[PDB]
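Below you'll find only one chain, the form solved without the ligand, shown as structure tokens.
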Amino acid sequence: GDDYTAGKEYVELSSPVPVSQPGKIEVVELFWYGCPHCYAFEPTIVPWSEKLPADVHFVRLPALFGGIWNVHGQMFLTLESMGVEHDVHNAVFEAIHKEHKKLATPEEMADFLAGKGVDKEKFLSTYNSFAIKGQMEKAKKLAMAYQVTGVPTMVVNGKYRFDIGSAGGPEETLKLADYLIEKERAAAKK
């Protein structure tokens, strides 16, 4: 059959990356604070990722390219680091983009999250830890390896890179995501 073209709808990449273990196809979202096109895709992708099948494993990581790109995404890893029991994942995004709050410093972030099931004690202590450093240097080198350059950028199984500007639009990105899952799922499909 085959309904899509490389360069066109998406970009394969002649320098891939693996995971810790095979099985579920990996899907890395890579995003930033800004990216006015990425915000036009959040509520398109958020429900898609929830309603994914048992064979797909979606991840969301910060696009640490130096300067304010890494500063703004750093909080994401802290939020997780204190062990949030999936306390309101949207309202994170839905305080950055819609709300347009500056959120550019840890004193801004931890103040804001104080009302959102986060504690300043736990936030700041793990922010100022080696724990976060081991996540930053990972997400940093990972984004570079995935040929990302910028955002919005989605990556199936570290072998296919795609986005709004590959596919043609936010509803068109999901058109690639599902196709690309099948394409890699095939690899180990009996």
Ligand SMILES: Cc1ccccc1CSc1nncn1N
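From 1 onward, residues are counted along the sequence shown.
A second form of this protein, the form solved in complex with the ligand, is not displayed here; the remarks below concern that form.
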Note to self: With the partner left out here, check for me: in the entry with it bound, does some heavy atom of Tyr146 sit within 4.5 Å of the ligand?
What the structure shows: yes
| task | Consider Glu42 of the chain shown here, and say whether it contacts the ligand in the entry with it bound, taking contact as heavy atoms within 4.5 Å. | result | no
Using a 4.5 angstroms cut-off on non-hydrogen atoms, would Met154 count as touching the ligand in the entry with it bound?
no
- Is the gap between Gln135 and the ligand in the entry with it bound 4.5 Å or less for some heavy atom pair? yes
Picking from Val59, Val46, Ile68, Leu124, the single residue whose non-hydrogen atoms come within 4.5 angstroms of the ligand in the entry with it bound is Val59
Note: exactly one of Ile96, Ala110, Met82, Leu77 sits with a heavy atom within 4.5 Å of the ligand in the entry with it bound, namely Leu77
- Query: Within 4.5 Å of the ligand in the entry with it bound: all of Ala6, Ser14 and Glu184, by heavy atom?
  - Reply: no
With a 4.5 Å heavy atom cut-off to the ligand in the entry with it bound, the contacting stretch among 31-39, 161-169, 46-54, 137-145 is 137-145
Across 16-52, the residues having a non-hydrogen atom within 4.5 Å of the ligand in the entry with it bound turn out to be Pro18, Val19, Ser20, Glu26, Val28
